[PDB]
């Protein structure tokens, strides 16, 4: 999938899987931006799965850190 200024969190969430939600999409957009990924086809399988793994760490970090 190409990433543009009009890419939505829903589009990135669906890229991750049908049970991913808007928060997953938002987090992954942040990761892809950090990595300067403008086309997810440029990723290896290992890289893509590593990014998904990291998005779930960040998700947990958010839920936990918001308590304080």
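In this note's numbering, the protein residues as written are 500 to 567.
All C-beta atoms in this analysis are idealised placements derived from N, C-alpha and C, irrespective of residue type, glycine included.
Item	Value
From 558, 563, 540 and 537, residue whose alpha carbon lies closest to that of residue 519	558
Residue from 517, 511 and 562 with nearest C-alpha to residue 536	511
Contacts around residue 527, its chain only, beta-carbon distance under 7 Å, and the 5 residues preceding and following it disregarded	511, 515, 550 and 554
4 or more residues per run - each alpha helix (DSSP H) lying fully within the region 541–566	544–565
Among 567, 556, 563 and 529, the one whose alpha carbon lies nearest that of residue 503	529
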